[PDB]
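> below: the sequence, then the experimentally determined structure.
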Amino acid sequence: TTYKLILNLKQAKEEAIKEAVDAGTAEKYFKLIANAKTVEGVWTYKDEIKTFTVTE
């Protein structure tokens, strides 16, 4: 399964993704790229293709 992440900061929009056999690997992995790229936003997840988002 593949997961996607929509990063929305003050002035920039980046997308994070990763292919794993679950979510725990996508969340922990996403959290590493998210926090490493930003430090503020609204954590959300879209039900359909497995995706999370963080809007600041």
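That came in fine, so what should we check first? Residues are numbered from 1 along each chain as shown.

> residue contacts, residue 34?
Listed by Cβ atoms under 8 Å, 6 or more residues apart in numbering, the contact partners of residue 34 are 5, 7, 16, 41, 54. C-betas here are computed from N, CA, C, even on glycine.

> then it would be within a helix, right?
Yes. Membership of residue 34 in a helix is supported by DSSP: H, G, I helix; E, B strand; the rest coil.

> any idea how far it lies from residue 42?
In this view, residue 34 and residue 42 are 12 Å apart by Cβ to Cβ, to the nearest Å.

> same check, this time on residue 54
6 Å.

> okay, those two: which has more neighbours?
Set residue 54 next to residue 42 and count neighbours by other Cβ atoms under 10 Å: residue 54 wins out with 22 against 9.

> with adjacent residues omitted, what lies nearest to the more buried one?
residue 41 (3.2 Å; Cβ to Cβ, 6 or more residues apart in numbering).

> for that neighbour, the count of nearby residues, please.
Other residues close to residue 41 by other Cβ under 10 Å number 15.

> who are the contact partners of it?
By Cβ under 8 Å, 6+ apart, the contact set of residue 41 is 7-9, 34, 53-56.

> quick check: residue 29 touching residue 19?
No. With contact taken as Cβ atoms under 8 Å, residue 29 and residue 19 are classed as non-touching, separated by 9.9 Å.

> tell me which of those two has more neighbours.
Neighbours were counted for residue 29 and for residue 19 using other Cβ under 10 Å; residue 29 has more, 18 against 10.

> so in terms of bridging, what pairs with the residue nearest to residue 42 when sequence neighbours are not counted?
Beyond its immediate neighbours in the sequence, the residue positioned closest to residue 42 (Cβ to Cβ, 6+ apart) is residue 55, lying 4.5 Å away. Beta bridges link residue 55 to residue 8, residue 42 when assigned by DSSP bridges.

> state the distance from the most far-flung residue of the chain relative to its centre to residue 45.
Distance from the C-alpha centroid of the chain peaks at residue 11, with 17.1 Å (Cα atoms, centre = their mean). Here residue 11 is placed at a distance of 24 Å from residue 45 (Cβ to Cβ).
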